[PDB]
$ cat query.txt   # compact mmCIF, N, CA, C and O atoms
# COMPACT_ATOMS: atom_id res chain seq x y z
N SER A 1 10.42 5.48 -53.69
CA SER A 1 9.30 6.46 -53.80
C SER A 1 8.95 6.63 -55.28
O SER A 1 8.43 7.65 -55.70
N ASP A 2 9.23 5.63 -56.07
CA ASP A 2 8.94 5.69 -57.53
C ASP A 2 7.45 5.44 -57.78
O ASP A 2 6.72 4.99 -56.92
N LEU A 3 7.01 5.76 -58.97
CA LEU A 3 5.58 5.58 -59.33
C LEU A 3 5.29 4.11 -59.59
O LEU A 3 5.90 3.47 -60.42
N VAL A 4 4.32 3.58 -58.88
CA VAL A 4 3.93 2.15 -59.06
C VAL A 4 2.41 2.01 -59.02
O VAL A 4 1.70 2.90 -58.59
N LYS A 5 1.92 0.89 -59.47
CA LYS A 5 0.45 0.64 -59.49
C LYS A 5 -0.03 0.20 -58.11
O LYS A 5 0.74 -0.22 -57.27
N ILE A 6 -1.31 0.32 -57.88
CA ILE A 6 -1.89 -0.06 -56.56
C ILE A 6 -1.68 -1.55 -56.31
O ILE A 6 -1.34 -1.96 -55.22
N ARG A 7 -1.90 -2.36 -57.31
CA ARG A 7 -1.75 -3.83 -57.15
C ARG A 7 -0.27 -4.17 -56.93
O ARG A 7 0.07 -5.24 -56.46
N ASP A 8 0.61 -3.27 -57.28
CA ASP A 8 2.07 -3.53 -57.11
C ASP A 8 2.51 -3.14 -55.69
O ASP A 8 3.66 -3.26 -55.33
N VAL A 9 1.59 -2.67 -54.88
CA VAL A 9 1.94 -2.27 -53.49
C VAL A 9 2.34 -3.49 -52.66
O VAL A 9 1.65 -4.49 -52.62
N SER A 10 3.46 -3.39 -52.00
CA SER A 10 3.95 -4.50 -51.15
C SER A 10 4.98 -3.98 -50.15
O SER A 10 5.47 -2.87 -50.24
N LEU A 11 5.31 -4.79 -49.18
CA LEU A 11 6.30 -4.38 -48.14
C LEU A 11 7.67 -4.23 -48.79
O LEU A 11 8.54 -3.56 -48.26
N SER A 12 7.87 -4.86 -49.91
CA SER A 12 9.18 -4.79 -50.61
C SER A 12 9.47 -3.34 -50.99
O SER A 12 10.59 -2.96 -51.24
N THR A 13 8.44 -2.52 -51.04
CA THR A 13 8.62 -1.08 -51.40
C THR A 13 8.03 -0.19 -50.30
O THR A 13 6.92 0.29 -50.41
N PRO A 14 8.76 0.01 -49.23
CA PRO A 14 8.30 0.85 -48.09
C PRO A 14 7.84 2.23 -48.55
O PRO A 14 6.85 2.76 -48.07
N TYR A 15 8.55 2.81 -49.48
CA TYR A 15 8.18 4.17 -50.00
C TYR A 15 7.74 4.04 -51.45
O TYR A 15 8.45 3.51 -52.29
N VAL A 16 6.57 4.54 -51.75
CA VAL A 16 6.05 4.46 -53.14
C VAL A 16 5.13 5.64 -53.45
O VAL A 16 4.60 6.29 -52.58
N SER A 17 4.94 5.89 -54.72
CA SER A 17 4.06 7.01 -55.17
C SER A 17 2.91 6.43 -55.99
O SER A 17 3.10 5.59 -56.85
N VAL A 18 1.71 6.87 -55.71
CA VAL A 18 0.51 6.36 -56.45
C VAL A 18 -0.40 7.52 -56.84
O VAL A 18 -0.32 8.61 -56.31
N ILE A 19 -1.27 7.27 -57.78
CA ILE A 19 -2.23 8.32 -58.25
C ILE A 19 -3.60 7.69 -58.51
O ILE A 19 -3.71 6.63 -59.11
N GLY A 20 -4.63 8.34 -58.07
CA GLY A 20 -6.01 7.81 -58.28
C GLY A 20 -7.03 8.68 -57.56
O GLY A 20 -6.76 9.79 -57.14
N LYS A 21 -8.23 8.17 -57.42
CA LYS A 21 -9.33 8.94 -56.75
C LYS A 21 -9.72 8.25 -55.45
O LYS A 21 -9.85 7.05 -55.37
N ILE A 22 -9.91 9.04 -54.42
CA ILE A 22 -10.29 8.48 -53.08
C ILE A 22 -11.80 8.56 -52.91
O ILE A 22 -12.43 9.55 -53.23
N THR A 23 -12.38 7.51 -52.39
CA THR A 23 -13.86 7.49 -52.16
C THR A 23 -14.18 7.03 -50.74
O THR A 23 -13.39 6.38 -50.08
N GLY A 24 -15.35 7.37 -50.28
CA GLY A 24 -15.80 6.98 -48.92
C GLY A 24 -14.81 7.48 -47.87
O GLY A 24 -13.83 6.84 -47.57
N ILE A 25 -15.07 8.64 -47.33
CA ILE A 25 -14.15 9.22 -46.30
C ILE A 25 -14.64 8.84 -44.90
O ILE A 25 -15.76 9.10 -44.53
N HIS A 26 -13.77 8.23 -44.13
CA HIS A 26 -14.14 7.82 -42.74
C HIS A 26 -13.20 8.50 -41.75
O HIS A 26 -12.02 8.63 -41.98
N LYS A 27 -13.75 8.93 -40.65
CA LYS A 27 -12.95 9.63 -39.60
C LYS A 27 -12.77 8.73 -38.39
O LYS A 27 -13.71 8.12 -37.91
N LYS A 28 -11.57 8.66 -37.89
CA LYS A 28 -11.28 7.82 -36.69
C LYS A 28 -10.24 8.51 -35.82
O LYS A 28 -9.46 9.32 -36.28
N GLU A 29 -10.24 8.21 -34.55
CA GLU A 29 -9.27 8.83 -33.60
C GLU A 29 -8.46 7.76 -32.88
O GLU A 29 -8.95 6.69 -32.58
N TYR A 30 -7.21 8.05 -32.62
CA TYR A 30 -6.33 7.08 -31.92
C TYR A 30 -5.37 7.82 -30.99
O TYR A 30 -5.12 9.00 -31.14
N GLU A 31 -4.85 7.12 -30.01
CA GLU A 31 -3.92 7.75 -29.03
C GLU A 31 -2.49 7.67 -29.55
O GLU A 31 -1.92 6.60 -29.70
N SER A 32 -1.90 8.81 -29.81
CA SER A 32 -0.50 8.86 -30.31
C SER A 32 0.40 9.50 -29.25
O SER A 32 0.29 10.67 -28.95
N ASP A 33 1.29 8.73 -28.70
CA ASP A 33 2.22 9.24 -27.66
C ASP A 33 1.43 9.86 -26.50
O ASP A 33 1.90 10.75 -25.83
N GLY A 34 0.24 9.37 -26.27
CA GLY A 34 -0.60 9.88 -25.16
C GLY A 34 -1.43 11.07 -25.65
O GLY A 34 -2.16 11.68 -24.89
N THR A 35 -1.32 11.39 -26.91
CA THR A 35 -2.09 12.55 -27.48
C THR A 35 -3.04 12.05 -28.57
O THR A 35 -2.65 11.36 -29.50
N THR A 36 -4.29 12.40 -28.45
CA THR A 36 -5.31 11.97 -29.45
C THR A 36 -5.08 12.68 -30.78
O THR A 36 -4.95 13.88 -30.84
N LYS A 37 -5.04 11.91 -31.84
CA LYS A 37 -4.83 12.49 -33.20
C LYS A 37 -5.88 11.93 -34.16
O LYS A 37 -6.23 10.77 -34.11
N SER A 38 -6.38 12.78 -35.02
CA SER A 38 -7.43 12.35 -35.99
C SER A 38 -6.79 11.76 -37.24
O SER A 38 -5.79 12.24 -37.74
N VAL A 39 -7.40 10.73 -37.76
CA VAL A 39 -6.89 10.07 -39.00
C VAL A 39 -8.06 9.77 -39.93
O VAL A 39 -9.10 9.29 -39.53
N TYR A 40 -7.88 10.06 -41.19
CA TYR A 40 -8.95 9.82 -42.20
C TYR A 40 -8.65 8.55 -42.98
O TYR A 40 -7.55 8.32 -43.43
N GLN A 41 -9.64 7.71 -43.13
CA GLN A 41 -9.47 6.43 -43.88
C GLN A 41 -10.45 6.38 -45.04
O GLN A 41 -11.51 6.98 -45.02
N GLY A 42 -10.08 5.67 -46.07
CA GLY A 42 -10.97 5.57 -47.26
C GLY A 42 -10.39 4.58 -48.27
O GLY A 42 -9.42 3.90 -48.02
N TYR A 43 -11.01 4.52 -49.42
CA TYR A 43 -10.55 3.59 -50.50
C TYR A 43 -10.12 4.38 -51.72
O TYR A 43 -10.70 5.39 -52.07
N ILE A 44 -9.09 3.92 -52.38
CA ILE A 44 -8.57 4.61 -53.60
C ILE A 44 -8.51 3.62 -54.75
O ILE A 44 -8.16 2.47 -54.57
N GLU A 45 -8.88 4.06 -55.92
CA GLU A 45 -8.88 3.15 -57.11
C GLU A 45 -8.22 3.84 -58.31
O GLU A 45 -8.11 5.05 -58.38
N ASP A 46 -7.79 3.04 -59.25
CA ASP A 46 -7.13 3.57 -60.47
C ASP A 46 -7.50 2.70 -61.68
O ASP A 46 -8.58 2.15 -61.75
N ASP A 47 -6.61 2.59 -62.63
CA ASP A 47 -6.88 1.78 -63.85
C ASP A 47 -6.66 0.30 -63.54
O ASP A 47 -6.93 -0.56 -64.36
N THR A 48 -6.16 0.01 -62.37
CA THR A 48 -5.90 -1.42 -61.99
C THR A 48 -6.96 -1.88 -60.99
O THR A 48 -8.00 -2.39 -61.36
N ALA A 49 -6.69 -1.73 -59.72
CA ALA A 49 -7.65 -2.17 -58.67
C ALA A 49 -7.83 -1.08 -57.61
O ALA A 49 -7.81 0.10 -57.91
N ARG A 50 -8.01 -1.48 -56.38
CA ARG A 50 -8.21 -0.48 -55.28
C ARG A 50 -7.59 -0.98 -53.98
O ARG A 50 -7.41 -2.17 -53.77
N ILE A 51 -7.26 -0.07 -53.11
CA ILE A 51 -6.64 -0.44 -51.80
C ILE A 51 -7.06 0.56 -50.71
O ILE A 51 -7.51 1.66 -50.99
N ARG A 52 -6.91 0.17 -49.48
CA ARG A 52 -7.27 1.05 -48.34
C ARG A 52 -6.18 2.07 -48.09
O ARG A 52 -5.01 1.82 -48.31
N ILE A 53 -6.56 3.24 -47.64
CA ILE A 53 -5.57 4.32 -47.37
C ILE A 53 -5.86 4.98 -46.02
O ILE A 53 -6.97 4.96 -45.52
N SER A 54 -4.85 5.58 -45.45
CA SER A 54 -5.02 6.28 -44.14
C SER A 54 -4.20 7.56 -44.14
O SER A 54 -3.01 7.57 -44.40
N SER A 55 -4.85 8.66 -43.85
CA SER A 55 -4.16 9.98 -43.82
C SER A 55 -4.20 10.55 -42.41
O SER A 55 -5.24 10.60 -41.77
N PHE A 56 -3.07 10.97 -41.92
CA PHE A 56 -2.99 11.53 -40.54
C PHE A 56 -3.00 13.06 -40.61
O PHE A 56 -2.12 13.68 -41.18
N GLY A 57 -3.98 13.66 -40.00
CA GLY A 57 -4.09 15.14 -39.97
C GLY A 57 -4.66 15.67 -41.29
O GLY A 57 -5.59 16.46 -41.30
N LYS A 58 -4.09 15.27 -42.39
CA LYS A 58 -4.57 15.77 -43.72
C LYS A 58 -5.92 15.16 -44.06
O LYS A 58 -6.15 13.98 -43.89
N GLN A 59 -6.82 15.98 -44.53
CA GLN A 59 -8.19 15.50 -44.89
C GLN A 59 -8.24 15.03 -46.34
O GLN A 59 -7.46 15.44 -47.17
N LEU A 60 -9.18 14.16 -46.62
CA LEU A 60 -9.34 13.62 -48.01
C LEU A 60 -10.73 13.98 -48.54
O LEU A 60 -11.67 14.14 -47.79
N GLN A 61 -10.84 14.11 -49.84
CA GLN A 61 -12.14 14.48 -50.47
C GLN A 61 -12.68 13.31 -51.30
O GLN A 61 -11.95 12.58 -51.94
N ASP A 62 -13.97 13.13 -51.26
CA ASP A 62 -14.62 12.01 -51.99
C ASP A 62 -14.45 12.15 -53.51
O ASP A 62 -14.64 13.20 -54.08
N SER A 63 -14.13 11.05 -54.13
CA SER A 63 -13.95 11.00 -55.61
C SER A 63 -12.97 12.07 -56.07
O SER A 63 -12.98 12.48 -57.21
N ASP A 64 -12.10 12.50 -55.19
CA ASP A 64 -11.10 13.54 -55.57
C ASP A 64 -9.85 12.88 -56.15
O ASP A 64 -9.24 12.02 -55.55
N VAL A 65 -9.47 13.30 -57.33
CA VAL A 65 -8.26 12.74 -57.99
C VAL A 65 -7.02 13.45 -57.44
O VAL A 65 -6.84 14.64 -57.61
N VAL A 66 -6.18 12.71 -56.77
CA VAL A 66 -4.94 13.31 -56.19
C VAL A 66 -3.76 12.36 -56.34
O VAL A 66 -3.92 11.17 -56.59
N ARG A 67 -2.58 12.89 -56.20
CA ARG A 67 -1.33 12.07 -56.32
C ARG A 67 -0.59 12.08 -55.00
O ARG A 67 -0.32 13.11 -54.42
N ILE A 68 -0.26 10.91 -54.51
CA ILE A 68 0.46 10.79 -53.21
C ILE A 68 1.90 10.39 -53.46
O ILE A 68 2.19 9.44 -54.17
N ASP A 69 2.82 11.11 -52.88
CA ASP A 69 4.27 10.82 -53.05
C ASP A 69 4.89 10.43 -51.70
O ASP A 69 4.54 10.96 -50.66
N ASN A 70 5.82 9.52 -51.75
CA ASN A 70 6.52 9.05 -50.52
C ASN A 70 5.52 8.38 -49.58
O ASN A 70 5.59 8.54 -48.37
N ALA A 71 4.60 7.63 -50.12
CA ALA A 71 3.59 6.93 -49.28
C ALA A 71 4.24 5.78 -48.53
O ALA A 71 5.15 5.15 -49.02
N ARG A 72 3.77 5.51 -47.34
CA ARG A 72 4.34 4.40 -46.52
C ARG A 72 3.39 3.21 -46.52
O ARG A 72 2.22 3.31 -46.21
N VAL A 73 3.91 2.07 -46.89
CA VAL A 73 3.09 0.83 -46.94
C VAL A 73 3.07 0.15 -45.57
O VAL A 73 4.09 -0.01 -44.93
N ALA A 74 1.91 -0.23 -45.13
CA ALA A 74 1.77 -0.90 -43.81
C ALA A 74 0.63 -1.91 -43.84
O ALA A 74 -0.25 -1.86 -44.69
N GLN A 75 0.65 -2.84 -42.92
CA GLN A 75 -0.41 -3.89 -42.86
C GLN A 75 -1.34 -3.63 -41.67
O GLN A 75 -0.95 -3.72 -40.53
N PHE A 76 -2.57 -3.32 -41.97
CA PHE A 76 -3.58 -3.07 -40.90
C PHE A 76 -4.67 -4.14 -40.96
O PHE A 76 -5.29 -4.36 -41.99
N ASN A 77 -4.90 -4.80 -39.86
CA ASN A 77 -5.94 -5.87 -39.79
C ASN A 77 -5.64 -6.94 -40.84
O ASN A 77 -6.53 -7.61 -41.33
N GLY A 78 -4.38 -7.12 -41.16
CA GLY A 78 -3.99 -8.16 -42.15
C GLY A 78 -4.23 -7.63 -43.56
O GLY A 78 -4.21 -8.38 -44.52
N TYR A 79 -4.47 -6.35 -43.69
CA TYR A 79 -4.71 -5.74 -45.04
C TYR A 79 -3.66 -4.68 -45.33
O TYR A 79 -3.33 -3.86 -44.49
N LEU A 80 -3.15 -4.69 -46.52
CA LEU A 80 -2.12 -3.69 -46.92
C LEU A 80 -2.78 -2.35 -47.21
O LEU A 80 -3.87 -2.28 -47.74
N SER A 81 -2.11 -1.29 -46.86
CA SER A 81 -2.68 0.07 -47.10
C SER A 81 -1.57 1.11 -47.17
O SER A 81 -0.44 0.88 -46.76
N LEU A 82 -1.89 2.26 -47.71
CA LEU A 82 -0.89 3.36 -47.84
C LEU A 82 -1.15 4.41 -46.77
O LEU A 82 -2.23 4.95 -46.65
N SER A 83 -0.14 4.69 -45.98
CA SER A 83 -0.28 5.70 -44.89
C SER A 83 0.39 7.01 -45.29
O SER A 83 1.56 7.06 -45.61
N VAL A 84 -0.37 8.07 -45.28
CA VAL A 84 0.17 9.42 -45.66
C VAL A 84 0.50 10.21 -44.40
O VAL A 84 -0.36 10.70 -43.70
N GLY A 85 1.77 10.32 -44.11
CA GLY A 85 2.23 11.07 -42.90
C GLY A 85 2.50 12.53 -43.23
O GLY A 85 2.28 12.99 -44.34
N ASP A 86 2.98 13.27 -42.27
CA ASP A 86 3.28 14.71 -42.47
C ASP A 86 4.52 14.85 -43.36
O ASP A 86 4.80 15.90 -43.89
N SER A 87 5.27 13.79 -43.49
CA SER A 87 6.51 13.84 -44.31
C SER A 87 6.16 13.56 -45.77
O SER A 87 6.94 13.82 -46.67
N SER A 88 4.98 13.04 -46.01
CA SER A 88 4.55 12.73 -47.41
C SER A 88 4.01 13.99 -48.07
O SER A 88 3.75 14.99 -47.43
N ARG A 89 3.83 13.94 -49.37
CA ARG A 89 3.31 15.12 -50.12
C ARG A 89 2.10 14.71 -50.95
O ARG A 89 2.08 13.67 -51.58
N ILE A 90 1.10 15.55 -50.96
CA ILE A 90 -0.14 15.26 -51.75
C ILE A 90 -0.38 16.40 -52.74
O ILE A 90 -0.41 17.56 -52.38
N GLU A 91 -0.55 16.06 -53.99
CA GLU A 91 -0.79 17.09 -55.05
C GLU A 91 -2.09 16.79 -55.80
O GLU A 91 -2.30 15.70 -56.30
N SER A 92 -2.96 17.76 -55.86
CA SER A 92 -4.26 17.59 -56.57
C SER A 92 -4.06 17.65 -58.07
O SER A 92 -3.16 18.31 -58.56
N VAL A 93 -4.89 16.96 -58.81
CA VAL A 93 -4.78 16.95 -60.30
C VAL A 93 -5.95 17.71 -60.91
O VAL A 93 -7.04 17.19 -61.06
N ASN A 94 -5.72 18.95 -61.26
CA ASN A 94 -6.79 19.79 -61.87
C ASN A 94 -6.52 19.93 -63.37
O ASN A 94 -7.27 20.57 -64.08
N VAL A 95 -5.46 19.33 -63.85
CA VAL A 95 -5.12 19.42 -65.31
C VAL A 95 -5.34 18.05 -65.98
O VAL A 95 -4.87 17.03 -65.52
N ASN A 96 -6.07 18.06 -67.07
CA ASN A 96 -6.38 16.80 -67.82
C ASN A 96 -5.16 16.30 -68.58
O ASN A 96 -4.35 17.06 -69.07
N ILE A 97 -5.04 15.00 -68.68
CA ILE A 97 -3.89 14.39 -69.41
C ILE A 97 -4.33 13.09 -70.11
O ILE A 97 -3.91 12.01 -69.75
N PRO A 98 -5.16 13.20 -71.11
CA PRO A 98 -5.65 12.01 -71.88
C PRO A 98 -4.57 11.48 -72.83
O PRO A 98 -3.92 10.50 -72.56
N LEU A 99 -4.40 12.14 -73.95
CA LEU A 99 -3.39 11.72 -74.95
C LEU A 99 -3.70 10.31 -75.46
O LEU A 99 -4.42 9.55 -74.83
N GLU A 100 -3.16 9.97 -76.60
CA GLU A 100 -3.39 8.62 -77.21
C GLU A 100 -4.88 8.29 -77.29
O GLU A 100 -5.71 8.97 -76.72
N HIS A 101 -5.20 7.25 -78.01
CA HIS A 101 -6.63 6.85 -78.18
C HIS A 101 -7.03 5.88 -77.07
O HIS A 101 -6.51 4.79 -76.95
N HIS A 102 -7.96 6.29 -76.25
CA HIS A 102 -8.43 5.43 -75.12
C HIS A 102 -9.56 4.53 -75.62
O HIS A 102 -10.11 3.74 -74.89
N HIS A 103 -9.90 4.65 -76.88
CA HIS A 103 -10.99 3.82 -77.46
C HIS A 103 -10.59 2.35 -77.36
O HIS A 103 -11.40 1.51 -77.02
N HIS A 104 -9.36 2.04 -77.67
CA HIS A 104 -8.88 0.62 -77.60
C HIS A 104 -7.81 0.48 -76.52
O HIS A 104 -6.93 1.31 -76.39
N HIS A 105 -7.89 -0.58 -75.75
CA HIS A 105 -6.90 -0.81 -74.66
C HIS A 105 -5.53 -1.11 -75.26
O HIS A 105 -4.51 -0.73 -74.72
N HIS A 106 -5.50 -1.80 -76.37
CA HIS A 106 -4.20 -2.16 -77.03
C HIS A 106 -3.24 -0.97 -76.96
O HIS A 106 -2.04 -1.21 -76.90
$ encode --input "query.txt" --output "structure tokens"
Amino acid sequence: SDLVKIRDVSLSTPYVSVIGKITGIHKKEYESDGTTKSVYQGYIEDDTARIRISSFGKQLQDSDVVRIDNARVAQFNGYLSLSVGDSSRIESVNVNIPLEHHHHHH
């Protein structure tokens, strides 16, 4: 459940923590144990690349910067994505943290 980059997401790390902004919120429903449950899907990006995400029960906000802890990696439609269950934790980032000179990538 350590902090890793989106491009570093793989099955080798079932539990991982990521931070970025979620965009394009999509709503979908599926049958869970015979009970219909709502799940939100969207895309998240950071300083590296972007990946698909899926949240069960918890809602997501467009272009909202949040941090996901204990995320579960899974393959959907042959595509890797992070699944946020009720056991995972989501923390919003309302405090700025620039530091250092972002003018040069070096």
$ closest_residue --input "query.txt" --among "A:68, A:74, A:49, A:4" --to "residue 89 in chain A" --atoms "all atoms listed in the file"
A:68
$ residues_near_point --input "query.txt" --point "(-5.5, 19.3, -63.3)" --cutoff "12 Å" --atoms "only C-alpha atoms" --output "list in words"
residues 64, 65, 66, 67, 91, 92, 93, 94, 95, 96, 97 and 98 of chain A
$ closest_residue --input "query.txt" --among "A:15, A:7, A:103, A:84" --to "residue 47 in chain A" --atoms "only C-alpha atoms"
A:7
$ atom_distance --input "query.txt" --atom1 "CA of residue 37 in chain A" --atom2 "CA of residue 70 in chain A"
21.0 Å
$ closest_residue --input "query.txt" --among "A:69, A:82, A:101, A:58" --to "residue 19 in chain A" --atoms "only N, CA, C and O atoms"
A:69
$ closest_residue --input "query.txt" --among "A:105, A:31, A:55, A:25" --to "residue 86 in chain A" --atoms "all atoms listed in the file"
A:55
$ select_by_dssp --input "query.txt" --residues "range 2-32 of chain A" --states "strand (DSSP E or B)" --output "PyMOL selection string"
chain A and resi 3+15-32
$ write_last_selection --input "query.txt" --atoms "N, CA, C and O atoms" --output "CSV table (one decimal), in the frame of the given file"
chain,number,residue,atom,x,y,z
A,3,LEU,N,7.0,5.8,-59.0
A,3,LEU,CA,5.6,5.6,-59.3
A,3,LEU,C,5.3,4.1,-59.6
A,3,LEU,O,5.9,3.5,-60.4
A,15,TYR,N,8.6,2.8,-49.5
A,15,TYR,CA,8.2,4.2,-50.0
A,15,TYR,C,7.7,4.0,-51.4
A,15,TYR,O,8.4,3.5,-52.3
A,16,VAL,N,6.6,4.5,-51.8
A,16,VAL,CA,6.0,4.5,-53.1
A,16,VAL,C,5.1,5.6,-53.4
A,16,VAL,O,4.6,6.3,-52.6
A,17,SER,N,4.9,5.9,-54.7
A,17,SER,CA,4.1,7.0,-55.2
A,17,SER,C,2.9,6.4,-56.0
A,17,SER,O,3.1,5.6,-56.8
A,18,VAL,N,1.7,6.9,-55.7
A,18,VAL,CA,0.5,6.4,-56.4
A,18,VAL,C,-0.4,7.5,-56.8
A,18,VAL,O,-0.3,8.6,-56.3
A,19,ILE,N,-1.3,7.3,-57.8
A,19,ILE,CA,-2.2,8.3,-58.2
A,19,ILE,C,-3.6,7.7,-58.5
A,19,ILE,O,-3.7,6.6,-59.1
A,20,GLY,N,-4.6,8.3,-58.1
A,20,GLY,CA,-6.0,7.8,-58.3
A,20,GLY,C,-7.0,8.7,-57.6
A,20,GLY,O,-6.8,9.8,-57.1
A,21,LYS,N,-8.2,8.2,-57.4
A,21,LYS,CA,-9.3,8.9,-56.8
A,21,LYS,C,-9.7,8.2,-55.4
A,21,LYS,O,-9.8,7.0,-55.4
A,22,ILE,N,-9.9,9.0,-54.4
A,22,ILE,CA,-10.3,8.5,-53.1
A,22,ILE,C,-11.8,8.6,-52.9
A,22,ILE,O,-12.4,9.6,-53.2
A,23,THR,N,-12.4,7.5,-52.4
A,23,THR,CA,-13.9,7.5,-52.2
A,23,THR,C,-14.2,7.0,-50.7
A,23,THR,O,-13.4,6.4,-50.1
A,24,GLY,N,-15.4,7.4,-50.3
A,24,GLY,CA,-15.8,7.0,-48.9
A,24,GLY,C,-14.8,7.5,-47.9
A,24,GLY,O,-13.8,6.8,-47.6
A,25,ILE,N,-15.1,8.6,-47.3
A,25,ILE,CA,-14.2,9.2,-46.3
A,25,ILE,C,-14.6,8.8,-44.9
A,25,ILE,O,-15.8,9.1,-44.5
A,26,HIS,N,-13.8,8.2,-44.1
A,26,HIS,CA,-14.1,7.8,-42.7
A,26,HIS,C,-13.2,8.5,-41.8
A,26,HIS,O,-12.0,8.6,-42.0
A,27,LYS,N,-13.8,8.9,-40.6
A,27,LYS,CA,-13.0,9.6,-39.6
A,27,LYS,C,-12.8,8.7,-38.4
A,27,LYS,O,-13.7,8.1,-37.9
A,28,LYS,N,-11.6,8.7,-37.9
A,28,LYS,CA,-11.3,7.8,-36.7
A,28,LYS,C,-10.2,8.5,-35.8
A,28,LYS,O,-9.5,9.3,-36.3
A,29,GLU,N,-10.2,8.2,-34.6
A,29,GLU,CA,-9.3,8.8,-33.6
A,29,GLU,C,-8.5,7.8,-32.9
A,29,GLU,O,-9.0,6.7,-32.6
A,30,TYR,N,-7.2,8.0,-32.6
A,30,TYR,CA,-6.3,7.1,-31.9
A,30,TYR,C,-5.4,7.8,-31.0
A,30,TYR,O,-5.1,9.0,-31.1
A,31,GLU,N,-4.8,7.1,-30.0
A,31,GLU,CA,-3.9,7.8,-29.0
A,31,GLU,C,-2.5,7.7,-29.6
A,31,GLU,O,-1.9,6.6,-29.7
A,32,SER,N,-1.9,8.8,-29.8
A,32,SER,CA,-0.5,8.9,-30.3
A,32,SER,C,0.4,9.5,-29.2
A,32,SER,O,0.3,10.7,-29.0
$ axis_aligned_box --input "query.txt" --around "range 62-81 of chain A" --padding-each-side "3 Å" --output "JSON"
{"center_x": -4.1, "center_y": 3.1, "center_z": -48.9, "size_x": 27.2, "size_y": 29.0, "size_z": 24.2}
$ atom_distance --input "query.txt" --atom1 "CA of residue 56 in chain A" --atom2 "CA of residue 39 in chain A"
4.4 Å
$ atom_distance --input "query.txt" --atom1 "atom N of residue 53 in chain A" --atom2 "atom N of residue 41 in chain A"
7.1 Å
$ closest_residue --input "query.txt" --among "A:44, A:51, A:71, A:60" --to "residue 14 in chain A" --atoms "all atoms listed in the file"
A:71
$ residues_near_point --input "query.txt" --point "(-8.9, 6.4, -33.4)" --cutoff "10 Å" --atoms "only C-alpha atoms" --output "PyMOL selection string"
chain A and resi 27-32+36-40
$ closest_residue --input "query.txt" --among "A:80, A:62, A:24, A:45" --to "residue 9 in chain A" --atoms "all atoms listed in the file"
A:80
